[PDB]
Amino acid sequence: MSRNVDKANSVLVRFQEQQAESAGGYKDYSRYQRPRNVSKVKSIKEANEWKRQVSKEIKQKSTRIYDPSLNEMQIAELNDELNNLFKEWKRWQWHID
Amino acid sequence: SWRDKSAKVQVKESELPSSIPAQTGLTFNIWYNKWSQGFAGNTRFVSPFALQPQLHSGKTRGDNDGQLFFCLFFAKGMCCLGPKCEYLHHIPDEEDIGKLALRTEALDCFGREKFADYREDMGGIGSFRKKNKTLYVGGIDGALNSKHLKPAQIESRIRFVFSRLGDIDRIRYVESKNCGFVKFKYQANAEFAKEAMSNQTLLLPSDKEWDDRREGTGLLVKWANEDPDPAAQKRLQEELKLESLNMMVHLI
Amino acid sequence: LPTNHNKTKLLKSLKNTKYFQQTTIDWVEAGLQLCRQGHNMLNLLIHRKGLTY
Amino acid sequence: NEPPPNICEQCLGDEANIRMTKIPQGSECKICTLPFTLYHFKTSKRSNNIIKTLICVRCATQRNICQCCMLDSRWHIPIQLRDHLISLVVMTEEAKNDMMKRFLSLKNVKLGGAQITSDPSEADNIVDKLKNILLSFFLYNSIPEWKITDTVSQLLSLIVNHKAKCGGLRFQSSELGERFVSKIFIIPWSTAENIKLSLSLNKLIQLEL
Amino acid sequence: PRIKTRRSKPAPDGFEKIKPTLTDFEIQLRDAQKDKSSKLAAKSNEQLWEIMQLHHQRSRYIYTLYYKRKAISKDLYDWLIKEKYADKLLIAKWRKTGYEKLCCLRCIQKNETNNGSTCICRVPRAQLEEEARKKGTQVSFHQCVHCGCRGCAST
Amino acid sequence: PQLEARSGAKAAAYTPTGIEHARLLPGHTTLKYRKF
Amino acid sequence: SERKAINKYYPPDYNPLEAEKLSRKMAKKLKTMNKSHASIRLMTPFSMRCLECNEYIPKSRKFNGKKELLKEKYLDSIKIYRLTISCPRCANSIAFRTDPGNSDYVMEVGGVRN
Amino acid sequence: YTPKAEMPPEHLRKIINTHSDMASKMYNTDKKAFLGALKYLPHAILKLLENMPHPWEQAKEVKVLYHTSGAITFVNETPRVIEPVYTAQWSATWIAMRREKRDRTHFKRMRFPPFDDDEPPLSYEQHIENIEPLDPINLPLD
Amino acid sequence: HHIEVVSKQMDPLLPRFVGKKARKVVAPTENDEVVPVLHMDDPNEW
RNA sequence: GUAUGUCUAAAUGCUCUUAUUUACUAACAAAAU
Ligand SMILES: [Zn+2]
Ligand SMILES: [Zn+2]
Ligand SMILES: [Zn+2]
Ligand SMILES: [Zn+2]
Ligand SMILES: [Zn+2]
């Protein structure tokens, strides 16, 4: 399990995380992938967390896309990615509450 | 009239004063009392208690002995010692302020060292360099559980909470900034107010979201970075001048 | 060949303070205390060091 | 080697005997964040709460202040105020930085003004100069609410906006109000023209944002 | 008390009479000796104070029966002393003049204290009160931090 | 590169650490002397 | 605390099978582990030119690549891998495949061997 | 000057018990004290070990100093003996051991460690109350 | 006013010199008086 | 010797597959009869 990722997703760590989730309510919304279809999330806190995560992602995307080699295609691709992120964020701002 | 109003206080009994931390992290660090191996959680949670001062305020073991400094816990609204507390339980009156006005430079009305530099977030116990009586209120969205209220209503609510807590100089709610500036007469009073209203809900019993006030995040009450718009500045200058004049008079 | 000078043993110095006081204890009890206290010390230090894992 | 503690007369107390303990490199000074000896005294034996020194002697010397009170050694005024007065007749800029503050503390220049306060010559002169220099109901028509409240009390919840200049006092009792009216700055119930105009303008201002 | 290990003989004559009195104490002690999650310094101190008081009380009871009332045999008293029940030093102090009402021994360790003196408890309420009156303020101290002892003095 | 030579050393005095160095431990308290 | 640590501490209730099951349940949800292009450190055997900016990355030069499994195996039961690299100057994704028929590699729309 | 106050063991016990679940801003300084105490923990260990009750002894009472913070506890007394007497005692114990060996088909040797790594060592207050500690090693006299 | 200084015996467990924490400190030279640096009085070879 | 750095506003249970590993790390060391 060299290079840290393996360590992170080693069974023991996972178990610990699960335990934390069970007792006290420590989740790491960084750690899990954000769900595709909203309205399968009855809790508000979770939703908020997800929204926050997406915002963070968007910010990250923004930070990188103004790099100096602007003509490279990665940046262009991200522009679409950025849009997608924005859309997701908007969706997360649903009007149930 | 806190003296003849009552003696007793007993705000939150020592059966249930507080649980110690709130789980961020995986493991609990014994030396810092803070959860480690992770940081996911906005952390600020609403006070389970509050200072309903007219009911609570009273004579203490401190009052008799001649204590200067007021009870932080009382302010917060959770002083389980109550009548046997050594720190004072009332809203800082003028006489009291006058009495501890010598010390009020170096340390707060709670008897705890004011710092030389402000905290970067203006978040707690103000500096001894800059005297202040002026509190930033914030997180009013969060403190009211994202309620669609009128700004005016919010302002009124703020006034209600803060007037009770100390002699007000002046208050401003702002729609654009989404905040509530308050200014007091005495720094001590302001400090007390801050202590009280840190992590407090602005909601009332009559509101429909009273039972879920705990689930939100409280008021973010902090110190006021001076207002830049010019009239205010001018006023401040005038005040300073007046103070200087007074000092001069005292001297001669 | 031992110290000519040093009368002042460790315990004596401690006694001379106000922070220590002294009891008579069952030896097993004392041992238990040591185990607990010692354990606490090692945890506390470890936690300070930051390594909570 | 160590220099002595600079504690003022009002700081220390009113008695002809005080006992204090020195704690060498006790705490870091609040200004400089640099180890120094804490003196802490109890004033009168039985009077509660100690008085610990919060600053290093050097820093005190530089500012010319009580090591407890944080006030001018001479005139017993907050550093700002004392310095401000001097300026009126230049003020200190404590540099709020981790490293730089320490450096500032170690410098021995008497920062700003302190010199004047120290010397009988200079302080006295400044003082002289200063002397010379010296020688329910809505409410309409800036001043603080704690004054307004006081006034009301004298006359016998009190909302007042300043951008509006529109103070809606609510005693919540017909007795208090009817006493208040007889015992007596426009004050109706729930150059007059000029005043009205000004009020209107204020209201407009309040309402545009 | 210590634990019996056939070192000293089980008990002398009159132990059966007093035992039920000083066995109430044991229960109290047991209640005391545990995690009362005090969550607060003063509260924590209070339990210690209580414990101290309890300790004192048993000794007093023993002392009272042996010296003042004199209803217990010397041998029994000696046995008790040998066991952890009574405090020997405390008893001795009590027997001496001016120390009869005495909260605990470490309230009269003059070496311990920051100011070279005895605990305040040892000042008779009278004197402190008088001082307060002279000053302007009310009665200044309630109980010391060693042991809860509101007016320990022999008066 | 940063694999670099040098211009001057240093000597700046801070607050002492209070660490129990092994060598610093006492040893040869008695100084000898000459005959005169 | 030391790389050759014999036994990792387990909680007093740690049903190992149960724990494993739990992990599995929380592996589909998991971000890492449920993804492709897992990282790797590799030297470059081909010694090739980055097709965009013509940067001549030579033999044995070390990179933090991404190894990903190609679903279409060679023959039947011997896997082949895509090994992503970036050129030092321009950030163009070079990669290559390991077709084991010739005991060597194949370039994959990154650069050219020379 | 005036000697130390012989405190009650109860107080000490209480102090110890308090600093088990220690995680408030209350006893910040107690944690510091505890940390400091590592300095003398080996000394403490040495003391306690030295006072080990000998096999002719059910349970030794022992003098104890302890920091009022609850950070460290030294067995204070240093165990001295009448040398010949001590030797005699040891001999007796040896004899007893030999006898035991002779007797027993299997001698139930301890398992180590005696308590589990999970299980936190019982407080002394679980077995003050327990029955008279079983008889120690002293041979049949005449 | 006359005043008695004392030194209280701190507990032997707690850090003796709780002030100090191995802080870096740049010092000013503070040389107010000016040192006179006095002195007296083929380039292609050298 | 398992490198590193920036970046952070305050669906539920279910079972079935194994005589393995898309395993990762190379700082460590390098010869014949
Ligand atoms: Zn209180
Ligand atoms: Zn002063
Ligand atoms: Zn007493
Ligand atoms: Zn006492
Ligand atoms: Zn006392």
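Just so you know, all these numbers are worked out from the coordinates, no wet-lab data involved. Positions of Cβ are generated from backbone atoms using ideal geometry, with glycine treated the same way; all protein chains shown enter the neighbour counts.
Residues are listed down the side, and each one gets a yes or a no for (1) within 20 Å of E:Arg2 (Cβ to Cβ); (2) within 13 Å of ligand 3 (Cβ to nearest atom); (3) not acidic (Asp, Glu):
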site	(1), (2), (3)
E:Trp49	no, yes, yes
E:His56	yes, yes, yes
E:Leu65	no, no, yes
E:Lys96	no, no, yes
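On the basis of being of a type in the set (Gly, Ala, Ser) and more than 16 Å from ligand 2 (Cβ to nearest atom), does B:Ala101 make the cut?
Considered against the rule, which asks whether it is of a type in the set (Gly, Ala, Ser) and more than 16 Å from ligand 2 (Cβ to nearest atom), B:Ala101 comes out as no.
Would you say H:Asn17 is of a type in the set (S, T, N, Q), farther than 15 Å from C:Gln21 by Cα and within 14 Å of chain E (Cβ to nearest Cβ)?
So H:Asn17 fits the description; yes.
Name every residue in segment C:1-29 that is assigned to a helix (DSSP H, G or I) and within 16 Å of H:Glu6 (Cα to Cα), in order of residue number.
Passing the criteria: C:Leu11, C:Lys12, C:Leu14, C:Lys15, C:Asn16.
Working only within segment D:27-41, note down all residues that are closer than 25 Å to B:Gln67 by Cα and within 11 Å of chain I (Cβ to nearest Cβ).
Residues satisfying the conditions are D:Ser27, D:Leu38, D:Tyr39, D:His40, D:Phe41.
For segment B:1-35, name all the residues that are of a type in the set (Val, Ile, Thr) and either part of a loop (DSSP other than H, G, I, E, B) or within 16 Å of ligand 4 (Cβ to nearest atom) (or both).
Those that are of a type in the set (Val, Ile, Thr) and either part of a loop (DSSP other than H, G, I, E, B) or within 16 Å of ligand 4 (Cβ to nearest atom) (or both): B:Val9, B:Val11, B:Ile20, B:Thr24, B:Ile30.
Name the residues in segment D:134-168 that are part of a helix (DSSP H, G or I), facing another protein chain (nearest Cβ under 8 Å) and not polar (S, T, N, Q), would you?
D:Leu134, D:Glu145, D:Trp146
Sort out which residues of segment E:61-102 are over 23 Å from E:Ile18 (Cβ atoms) and of a type outside the set (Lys, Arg), and write them in order of number.
E:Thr97, E:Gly98, E:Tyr99, listed by residue number.
For (1) within 26 Å of B:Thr60 (Cβ to Cβ); (2) more than 13 Å from ligand 4 (Cβ to nearest atom); (3) buried (at least 17 other Cβ atoms within 10 Å of the Cβ), each residue gets a yes or a no:
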| position | (1), (2), (3) |
| --- | --- |
| E:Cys104 | no, no, yes |
| E:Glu112 | no, no, yes |
| E:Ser117 | no, yes, no |
| E:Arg125 | yes, yes, no |
| E:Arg133 | yes, yes, no |
| E:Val139 | yes, yes, no |
| E:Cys144 | yes, no, yes |
| E:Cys149 | yes, no, yes |
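So, H:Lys63, is that one of a type in the set (D, E, K, R), on the phi < 0 side of the Ramachandran plot, away from chain I (no Cβ under 12 Å) and outside any loop (DSSP other than H, G, I, E, B) or not?
yes
Of all the strands (runs of 3 or more DSSP E) wholly in segment B:154-252, which have at least 1 residues that are away from chain D (no Cβ under 11 Å)?
Qualifying strands (runs of 3 or more DSSP E): B:179-184, B:220-223.
Test D:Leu201 against the criterion of being away from every other protein chain (no Cβ under 12 Å), within 21 Å of B:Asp229 (Cβ to Cβ) and aliphatic (A, V, I, L, M), and give yes or no.
yes
What helices (runs of 4 or more DSSP H), lying completely within segment E:14-114, carry at least 3 residues that are among the hydroxyl-bearing types (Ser, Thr, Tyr)?
E:41-63
Go through segment H:37-56 residue by residue and tally those that are within 20 Å of C:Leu44 (Cβ to Cβ) and among the basic types (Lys, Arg).
1
Please determine whether any residue of segment D:102-116 is away from chain I (no Cβ under 14 Å) and of a type in the set (D, E, K, R).
no
One line per residue, one yes/no per condition, for (1) within 14 Å of chain E (Cβ to nearest Cβ); (2) over 25 Å from E:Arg106 (Cβ atoms); (3) buried (at least 17 other Cβ atoms within 10 Å of the Cβ):
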site: C:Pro2; (1), (2), (3): no, yes, no
site: C:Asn6; (1), (2), (3): no, yes, no
site: C:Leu14; (1), (2), (3): yes, no, yes
site: C:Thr17; (1), (2), (3): yes, no, yes
site: C:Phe20; (1), (2), (3): yes, no, yes
site: C:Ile25; (1), (2), (3): yes, no, yes
site: C:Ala30; (1), (2), (3): yes, no, yes
site: C:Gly38; (1), (2), (3): no, yes, yes
site: C:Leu42; (1), (2), (3): no, yes, no
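Determine whether segment B:73-80 contains at least one residue that is within 16 Å of ligand 1 (Cβ to nearest atom), within 30 Å of B:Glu175 (Cβ to Cβ) and of a type in the set (A, V, I, L, M).
yes
Suppose we keep only residues that are surrounded by fewer than 17 Cβ atoms within 10 Å (Cβ to Cβ) and at the interface with another protein chain (Cβ under 8 Å from one of its Cβ atoms) within segment E:83-102. Which one would you say is farthest from ligand 5 (Cβ to nearest atom)?
E:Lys88
What pairs come up if the first residue lies in segment G:20-49 and is on the phi > 0 side of the Ramachandran plot, the second is aromatic (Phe, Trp, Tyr) and exposed (fewer than 14 other Cβ atoms within 10 Å of the Cβ), and their beta carbons are under 9 Å apart, counting only those six or more places apart or on different chains?
That search, which allows pairs on different chains as well, returns G:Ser47/G:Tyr56.
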